[PDB]
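S.K.: Below is the file query-v9.cif, with mmCIF, C-alpha atoms.
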```cif
data_query
loop_
_atom_site.group_PDB
_atom_site.id
_atom_site.type_symbol
_atom_site.label_atom_id
_atom_site.label_comp_id
_atom_site.auth_asym_id
_atom_site.auth_seq_id
_atom_site.Cartn_x
_atom_site.Cartn_y
_atom_site.Cartn_z
ATOM 1 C CA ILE A 1 89.953 102.888 111.010
ATOM 2 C CA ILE A 2 89.529 106.640 111.736
ATOM 3 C CA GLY A 3 92.824 108.606 111.962
ATOM 4 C CA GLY A 4 94.967 105.572 111.065
ATOM 5 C CA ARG A 5 97.957 105.075 108.821
ATOM 6 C CA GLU A 6 98.369 103.115 105.618
ATOM 7 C CA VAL A 7 100.389 99.975 106.303
ATOM 8 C CA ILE A 8 103.512 99.213 104.338
ATOM 9 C CA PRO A 9 101.903 96.983 101.656
ATOM 10 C CA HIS A 10 101.774 93.303 102.698
ATOM 11 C CA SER A 11 103.428 93.917 106.116
ATOM 12 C CA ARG A 12 100.519 92.100 107.776
ATOM 13 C CA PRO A 13 100.258 88.962 105.591
ATOM 14 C CA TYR A 14 97.955 87.255 108.121
ATOM 15 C CA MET A 15 95.121 89.763 107.181
ATOM 16 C CA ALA A 16 91.854 88.552 105.632
ATOM 17 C CA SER A 17 88.965 90.583 104.239
ATOM 18 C CA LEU A 18 85.586 88.807 104.645
ATOM 19 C CA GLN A 19 83.435 89.956 101.728
ATOM 20 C CA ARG A 20 79.776 89.815 100.766
ATOM 21 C CA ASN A 21 79.241 90.021 96.987
ATOM 22 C CA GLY A 22 82.734 91.438 96.397
ATOM 23 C CA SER A 23 82.227 94.135 99.109
ATOM 24 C CA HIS A 24 84.335 94.237 102.351
ATOM 25 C CA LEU A 25 82.371 93.254 105.474
ATOM 26 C CA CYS A 26 84.804 92.381 108.306
ATOM 27 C CA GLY A 27 88.526 91.739 108.944
ATOM 28 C CA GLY A 28 89.880 88.338 109.902
ATOM 29 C CA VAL A 29 93.234 86.775 110.790
ATOM 30 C CA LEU A 30 94.654 83.651 109.213
ATOM 31 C CA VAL A 31 95.662 81.380 112.141
ATOM 32 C CA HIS A 32 96.126 78.133 110.215
ATOM 33 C CA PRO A 33 96.736 77.299 106.523
ATOM 34 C CA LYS A 34 92.978 76.412 106.205
ATOM 35 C CA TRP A 35 91.266 78.741 108.759
ATOM 36 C CA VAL A 36 90.629 82.432 109.319
ATOM 37 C CA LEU A 37 89.529 83.603 112.813
ATOM 38 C CA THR A 38 87.038 86.471 112.827
ATOM 39 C CA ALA A 39 84.129 87.906 114.833
ATOM 40 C CA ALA A 40 80.987 85.820 115.203
ATOM 41 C CA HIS A 41 78.550 88.692 114.481
ATOM 42 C CA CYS A 42 80.122 89.006 110.995
ATOM 43 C CA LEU A 43 78.453 85.754 109.934
ATOM 44 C CA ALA A 44 74.896 86.880 110.305
ATOM 45 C CA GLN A 45 74.742 86.483 106.496
ATOM 46 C CA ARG A 46 73.960 84.328 103.454
ATOM 47 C CA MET A 47 77.096 82.194 103.527
ATOM 48 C CA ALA A 48 76.646 81.473 99.763
ATOM 49 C CA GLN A 49 77.584 85.149 99.026
ATOM 50 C CA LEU A 50 80.634 85.374 101.341
ATOM 51 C CA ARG A 51 84.316 85.048 100.388
ATOM 52 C CA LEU A 52 87.621 85.454 102.162
ATOM 53 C CA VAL A 53 90.317 87.360 100.295
ATOM 54 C CA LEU A 54 93.949 87.077 101.425
ATOM 55 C CA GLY A 55 97.132 88.992 100.478
ATOM 56 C CA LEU A 56 95.417 92.345 99.968
ATOM 57 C CA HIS A 57 96.513 95.867 100.420
ATOM 58 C CA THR A 58 94.079 97.754 98.193
ATOM 59 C CA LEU A 59 90.586 96.476 98.512
ATOM 60 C CA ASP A 60 90.299 97.182 94.775
ATOM 61 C CA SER A 61 92.443 94.245 93.702
ATOM 62 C CA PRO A 62 92.065 90.492 93.098
ATOM 63 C CA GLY A 63 94.137 89.172 96.015
ATOM 64 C CA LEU A 64 93.781 85.425 96.601
ATOM 65 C CA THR A 65 90.133 84.377 97.056
ATOM 66 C CA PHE A 66 88.621 81.441 98.960
ATOM 67 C CA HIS A 67 85.110 80.106 99.290
ATOM 68 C CA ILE A 68 84.147 79.119 102.836
ATOM 69 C CA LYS A 69 83.350 75.468 103.595
ATOM 70 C CA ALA A 70 82.271 76.062 107.201
ATOM 71 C CA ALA A 71 81.725 78.837 109.715
ATOM 72 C CA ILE A 72 82.114 77.571 113.319
ATOM 73 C CA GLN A 73 80.798 80.230 115.787
ATOM 74 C CA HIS A 74 82.068 79.795 119.394
ATOM 75 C CA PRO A 75 79.575 77.312 121.015
ATOM 76 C CA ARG A 76 78.510 79.948 123.571
ATOM 77 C CA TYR A 77 78.339 82.971 121.253
ATOM 78 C CA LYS A 78 75.626 85.267 122.534
ATOM 79 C CA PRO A 79 74.490 87.942 120.085
ATOM 80 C CA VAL A 80 73.860 91.547 120.861
ATOM 81 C CA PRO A 81 72.852 92.862 123.468
ATOM 82 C CA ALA A 82 75.235 90.435 125.296
ATOM 83 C CA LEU A 83 77.759 89.949 122.498
ATOM 84 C CA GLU A 84 79.578 87.272 124.521
ATOM 85 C CA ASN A 85 82.229 84.963 122.989
ATOM 86 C CA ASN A 86 82.174 86.868 119.722
ATOM 87 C CA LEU A 87 84.400 84.640 117.593
ATOM 88 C CA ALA A 88 83.869 82.374 114.617
ATOM 89 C CA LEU A 89 86.266 80.137 112.730
ATOM 90 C CA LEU A 90 85.959 80.004 108.913
ATOM 91 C CA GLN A 91 87.320 77.038 106.971
ATOM 92 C CA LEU A 92 88.824 77.948 103.629
ATOM 93 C CA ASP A 93 88.040 75.851 100.662
ATOM 94 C CA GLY A 94 91.747 75.339 99.936
ATOM 95 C CA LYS A 95 95.057 75.530 101.810
ATOM 96 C CA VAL A 96 97.349 78.522 101.998
ATOM 97 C CA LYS A 97 100.925 77.998 100.786
ATOM 98 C CA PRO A 98 102.826 80.561 102.905
ATOM 99 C CA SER A 99 104.523 83.306 100.847
ATOM 100 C CA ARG A 100 105.685 86.886 101.488
ATOM 101 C CA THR A 101 102.175 88.337 101.242
ATOM 102 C CA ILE A 102 100.182 85.512 102.823
ATOM 103 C CA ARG A 103 101.084 83.605 105.987
ATOM 104 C CA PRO A 104 99.284 82.592 109.221
ATOM 105 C CA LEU A 105 99.889 84.377 112.517
ATOM 106 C CA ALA A 106 100.823 82.110 115.394
ATOM 107 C CA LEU A 107 98.370 81.783 118.278
ATOM 108 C CA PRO A 108 99.531 82.862 121.728
ATOM 109 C CA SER A 109 100.122 80.375 124.585
ATOM 110 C CA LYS A 110 96.814 79.717 126.441
ATOM 111 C CA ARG A 111 98.492 81.373 129.463
ATOM 112 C CA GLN A 112 98.833 84.813 127.821
ATOM 113 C CA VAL A 113 97.506 87.754 129.836
ATOM 114 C CA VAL A 114 96.769 91.083 128.045
ATOM 115 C CA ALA A 115 97.631 93.329 131.048
ATOM 116 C CA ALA A 116 96.593 96.997 131.142
ATOM 117 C CA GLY A 117 99.253 99.195 129.597
ATOM 118 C CA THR A 118 100.210 96.673 126.948
ATOM 119 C CA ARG A 119 101.041 98.394 123.675
ATOM 120 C CA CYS A 120 99.264 96.898 120.676
ATOM 121 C CA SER A 121 98.070 97.677 117.205
ATOM 122 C CA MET A 122 95.304 96.665 114.893
ATOM 123 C CA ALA A 123 94.656 96.806 111.155
ATOM 124 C CA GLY A 124 91.619 97.107 108.945
ATOM 125 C CA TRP A 125 89.801 98.442 105.938
ATOM 126 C CA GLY A 126 86.991 99.844 108.076
ATOM 127 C CA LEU A 127 85.323 103.261 107.749
ATOM 128 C CA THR A 128 87.696 106.264 107.899
ATOM 129 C CA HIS A 129 85.052 108.658 109.217
ATOM 130 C CA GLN A 130 81.780 108.430 111.088
ATOM 131 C CA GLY A 131 79.113 107.488 108.543
ATOM 132 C CA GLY A 132 81.651 107.553 105.733
ATOM 133 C CA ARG A 133 83.167 104.918 103.544
ATOM 134 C CA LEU A 134 85.488 101.935 103.725
ATOM 135 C CA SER A 135 89.176 102.684 103.473
ATOM 136 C CA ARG A 136 90.571 101.908 100.018
ATOM 137 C CA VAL A 137 93.848 100.650 101.520
ATOM 138 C CA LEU A 138 94.721 98.480 104.517
ATOM 139 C CA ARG A 139 95.312 100.730 107.590
ATOM 140 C CA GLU A 140 96.688 100.437 111.143
ATOM 141 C CA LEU A 141 96.201 102.233 114.491
ATOM 142 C CA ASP A 142 98.293 101.869 117.678
ATOM 143 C CA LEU A 143 96.206 101.028 120.740
ATOM 144 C CA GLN A 144 96.931 100.551 124.446
ATOM 145 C CA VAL A 145 95.067 98.194 126.795
ATOM 146 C CA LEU A 146 93.031 99.962 129.459
ATOM 147 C CA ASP A 147 92.102 98.679 132.860
ATOM 148 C CA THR A 148 88.864 96.638 132.559
ATOM 149 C CA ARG A 149 87.497 97.819 135.902
ATOM 150 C CA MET A 150 87.895 101.419 134.774
ATOM 151 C CA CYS A 151 86.416 100.524 131.392
ATOM 152 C CA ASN A 152 83.366 99.054 133.286
ATOM 153 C CA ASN A 153 82.857 102.296 135.070
ATOM 154 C CA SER A 154 79.224 103.536 134.912
ATOM 155 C CA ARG A 155 80.048 106.317 132.423
ATOM 156 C CA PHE A 156 81.959 103.879 130.266
ATOM 157 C CA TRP A 157 80.914 100.303 129.593
ATOM 158 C CA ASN A 158 78.739 100.043 132.668
ATOM 159 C CA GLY A 159 79.893 96.765 134.295
ATOM 160 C CA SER A 160 79.305 95.081 130.996
ATOM 161 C CA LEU A 161 82.812 93.887 130.002
ATOM 162 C CA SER A 162 83.757 90.277 130.986
ATOM 163 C CA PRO A 163 87.283 89.044 131.842
ATOM 164 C CA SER A 164 87.675 87.664 128.273
ATOM 165 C CA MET A 165 87.306 91.265 126.895
ATOM 166 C CA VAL A 166 90.173 93.651 126.116
ATOM 167 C CA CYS A 167 89.437 97.361 126.492
ATOM 168 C CA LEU A 168 91.299 99.697 124.118
ATOM 169 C CA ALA A 169 92.299 103.298 123.645
ATOM 170 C CA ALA A 170 94.159 105.087 120.891
ATOM 171 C CA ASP A 171 96.710 107.772 121.727
ATOM 172 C CA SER A 172 94.251 110.480 120.699
ATOM 173 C CA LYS A 173 90.559 111.113 120.963
ATOM 174 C CA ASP A 174 89.842 111.116 117.244
ATOM 175 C CA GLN A 175 91.382 107.709 116.422
ATOM 176 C CA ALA A 176 89.342 104.551 116.535
ATOM 177 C CA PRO A 177 88.477 101.405 114.538
ATOM 178 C CA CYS A 178 85.078 101.762 112.952
ATOM 179 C CA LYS A 179 82.572 99.717 110.892
ATOM 180 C CA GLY A 180 84.478 97.102 108.810
ATOM 181 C CA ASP A 181 87.299 96.648 111.326
ATOM 182 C CA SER A 182 85.808 93.966 113.533
ATOM 183 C CA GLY A 183 87.226 90.454 113.202
ATOM 184 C CA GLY A 184 90.562 92.066 112.615
ATOM 185 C CA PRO A 185 93.506 91.065 114.869
ATOM 186 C CA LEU A 186 94.853 92.935 117.921
ATOM 187 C CA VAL A 187 98.606 92.248 118.053
ATOM 188 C CA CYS A 188 100.662 93.327 121.110
ATOM 189 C CA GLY A 189 104.252 93.946 122.208
ATOM 190 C CA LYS A 190 107.679 93.839 120.502
ATOM 191 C CA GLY A 191 106.914 90.399 119.016
ATOM 192 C CA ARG A 192 103.640 91.562 117.477
ATOM 193 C CA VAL A 193 101.931 88.478 119.033
ATOM 194 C CA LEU A 194 98.251 87.646 118.357
ATOM 195 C CA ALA A 195 96.300 88.804 121.387
ATOM 196 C CA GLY A 196 92.833 89.842 120.317
ATOM 197 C CA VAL A 197 90.086 89.914 117.724
ATOM 198 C CA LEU A 198 88.140 93.177 117.549
ATOM 199 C CA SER A 199 84.466 93.006 118.492
ATOM 200 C CA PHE A 200 82.484 96.201 119.232
ATOM 201 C CA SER A 201 82.265 99.787 120.329
ATOM 202 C CA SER A 202 79.414 102.268 120.310
ATOM 203 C CA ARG A 203 77.504 103.610 117.260
ATOM 204 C CA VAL A 204 79.859 106.643 117.256
ATOM 205 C CA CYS A 205 83.362 105.018 116.792
ATOM 206 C CA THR A 206 85.380 107.836 118.479
ATOM 207 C CA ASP A 207 82.949 108.078 121.479
ATOM 208 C CA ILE A 208 85.475 108.413 124.309
ATOM 209 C CA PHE A 209 83.061 107.041 126.889
ATOM 210 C CA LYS A 210 82.605 103.820 124.849
ATOM 211 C CA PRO A 211 86.102 102.610 123.945
ATOM 212 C CA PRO A 212 86.761 99.862 121.399
ATOM 213 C CA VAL A 213 86.844 96.270 122.715
ATOM 214 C CA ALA A 214 88.373 93.054 121.391
ATOM 215 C CA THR A 215 87.852 89.487 122.472
ATOM 216 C CA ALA A 216 91.039 88.139 124.123
ATOM 217 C CA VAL A 217 92.403 85.175 122.101
ATOM 218 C CA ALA A 218 94.278 83.320 124.874
ATOM 219 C CA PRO A 219 91.199 81.971 126.727
ATOM 220 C CA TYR A 220 89.979 80.562 123.378
ATOM 221 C CA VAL A 221 93.212 78.972 122.209
ATOM 222 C CA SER A 222 92.223 75.363 123.103
ATOM 223 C CA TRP A 223 88.895 75.577 121.178
ATOM 224 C CA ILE A 224 90.712 77.137 118.203
ATOM 225 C CA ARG A 225 93.106 74.168 118.380
ATOM 226 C CA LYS A 226 90.317 71.561 118.568
ATOM 227 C CA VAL A 227 88.428 73.172 115.672
ATOM 228 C CA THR A 228 91.418 73.712 113.285
ATOM 229 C CA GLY A 229 92.668 70.219 114.100
ATOM 230 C CA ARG A 230 95.863 70.440 116.042
ATOM 231 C CA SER A 231 96.751 70.508 119.671
ATOM 232 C CA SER B 2 72.071 98.694 125.920
ATOM 233 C CA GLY B 3 74.496 100.054 123.321
ATOM 234 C CA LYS B 4 77.085 97.532 122.124
ATOM 235 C CA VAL B 5 77.454 98.035 118.353
ATOM 236 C CA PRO B 6 79.483 95.396 116.547
ATOM 237 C CA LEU B 7 82.273 96.922 114.412
ATOM 238 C CA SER B 8 80.179 94.784 111.954
#
```
Now, as a test, write the supplied structure out as structure tokens.

M.R.:
Amino acid sequence: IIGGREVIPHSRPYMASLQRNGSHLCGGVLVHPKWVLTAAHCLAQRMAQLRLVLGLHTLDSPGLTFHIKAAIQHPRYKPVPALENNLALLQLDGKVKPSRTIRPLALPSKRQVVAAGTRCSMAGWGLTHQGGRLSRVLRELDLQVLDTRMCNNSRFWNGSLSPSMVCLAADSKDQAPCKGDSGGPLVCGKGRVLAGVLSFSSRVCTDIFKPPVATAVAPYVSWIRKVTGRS
Amino acid sequence: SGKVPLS
């Protein structure tokens, strides 16, 4: 996150760091005692070298670490250049006992609409400057949902955003998520309800003509339920 | 064209 603020430690206990060889790769959200939901493109890796670490604030600390038993990419995930259905479910090799620093975030009803103008936030350990370095501490940025049609404008995302995609803007031009922040959760409203998982932007993270976009969670709720084994 | 995962 560029221009973001350090979270009160452990105020977002549903946060996961997906890590390759002990180095932060993507955010994730714990949505069941045994499953973290993250971005599908984050899994273009040697699974053997990946871990999920829960209950963190400083990246430089143990936190509670899990091996991954399975990585279930949405059945219709389409990689870049499409980047359609960009979600993956990761099964922990253990079961979270909910505490004060580690607990799942509830899924939204499947009938949730992320309307334009909705006030949200997101958190991550992603880069704090263009071409810089990971944040050392968990951070947050407030974001508002933009109108998708306007976001699909030729000078913006060029007709390329689908109805399952949530288009985002910070309050100022120099605030944006950046490399490391994808997979992280977009939570919206007074109830800080799960509404999105961050996906992509442009190569320049603060590019105002290429605003950050998250995958909407609601349309995927029934697949998440099937996969994690409820209904 | 230019989607870049926050990878």

S.K.: Could you tell me which residues the PyMOL selection byres ((chain A) within 6 of (chain B)) returns for this structure, as a PyMOL selection string?

M.R.: chain A and resi 42+178-182+199-203

S.K.: Measure the distance from CA of residue 157 in chain A to CA of residue 189 in chain A in Å and round it to one decimal.

M.R.: 25.3 Å

S.K.: Separation of CA of residue 197 in chain A and CA of residue 185 in chain A, in Å?

M.R.: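 That distance, rounded to one decimal, is 4.6 Å.
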
S.K.: Within 7 Å of range 70-82 of chain A, counting all atoms listed in the file, which residues show up once you throw out same-chain ones fewer than 6 positions away? Write them as number ranges by chain, please.

M.R.: A: 40-41, 88-91; B: 2, 4

S.K.: For the provided coordinates, the residues matched by the PyMOL selection byres ((chain A and resi 25) around 12) should be stated as an NGL selection string.

M.R.: (:A and (16-24 or 26-28 or 38-39 or 41-45 or 49-53 or 59 or 124-127 or 133-135 or 178-184)) or (:B and (6-8))

S.K.: Atoms to include: C-alpha atoms. Write the selected residues as an mmCIF file, in the coordinates of the input.

M.R.:
```
data_model
loop_
_atom_site.group_PDB
_atom_site.id
_atom_site.type_symbol
_atom_site.label_atom_id
_atom_site.label_comp_id
_atom_site.auth_asym_id
_atom_site.auth_seq_id
_atom_site.Cartn_x
_atom_site.Cartn_y
_atom_site.Cartn_z
ATOM 1 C CA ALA A 16 91.854 88.552 105.632
ATOM 2 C CA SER A 17 88.965 90.583 104.239
ATOM 3 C CA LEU A 18 85.586 88.807 104.645
ATOM 4 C CA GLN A 19 83.435 89.956 101.728
ATOM 5 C CA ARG A 20 79.776 89.815 100.766
ATOM 6 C CA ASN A 21 79.241 90.021 96.987
ATOM 7 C CA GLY A 22 82.734 91.438 96.397
ATOM 8 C CA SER A 23 82.227 94.135 99.109
ATOM 9 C CA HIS A 24 84.335 94.237 102.351
ATOM 10 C CA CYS A 26 84.804 92.381 108.306
ATOM 11 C CA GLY A 27 88.526 91.739 108.944
ATOM 12 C CA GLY A 28 89.880 88.338 109.902
ATOM 13 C CA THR A 38 87.038 86.471 112.827
ATOM 14 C CA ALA A 39 84.129 87.906 114.833
ATOM 15 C CA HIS A 41 78.550 88.692 114.481
ATOM 16 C CA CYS A 42 80.122 89.006 110.995
ATOM 17 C CA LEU A 43 78.453 85.754 109.934
ATOM 18 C CA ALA A 44 74.896 86.880 110.305
ATOM 19 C CA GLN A 45 74.742 86.483 106.496
ATOM 20 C CA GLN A 49 77.584 85.149 99.026
ATOM 21 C CA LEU A 50 80.634 85.374 101.341
ATOM 22 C CA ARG A 51 84.316 85.048 100.388
ATOM 23 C CA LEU A 52 87.621 85.454 102.162
ATOM 24 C CA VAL A 53 90.317 87.360 100.295
ATOM 25 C CA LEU A 59 90.586 96.476 98.512
ATOM 26 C CA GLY A 124 91.619 97.107 108.945
ATOM 27 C CA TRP A 125 89.801 98.442 105.938
ATOM 28 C CA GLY A 126 86.991 99.844 108.076
ATOM 29 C CA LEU A 127 85.323 103.261 107.749
ATOM 30 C CA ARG A 133 83.167 104.918 103.544
ATOM 31 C CA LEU A 134 85.488 101.935 103.725
ATOM 32 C CA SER A 135 89.176 102.684 103.473
ATOM 33 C CA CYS A 178 85.078 101.762 112.952
ATOM 34 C CA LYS A 179 82.572 99.717 110.892
ATOM 35 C CA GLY A 180 84.478 97.102 108.810
ATOM 36 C CA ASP A 181 87.299 96.648 111.326
ATOM 37 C CA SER A 182 85.808 93.966 113.533
ATOM 38 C CA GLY A 183 87.226 90.454 113.202
ATOM 39 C CA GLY A 184 90.562 92.066 112.615
ATOM 40 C CA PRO B 6 79.483 95.396 116.547
ATOM 41 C CA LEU B 7 82.273 96.922 114.412
ATOM 42 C CA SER B 8 80.179 94.784 111.954
#
```

S.K.: Find the residues around residue 118 in chain A up to 10 Å (all atoms listed in the file counted), leave out those fewer than 5 positions away in its own chain, and share them as a ChimeraX atom specification.

M.R.: /A:113,143-146,168,188-189
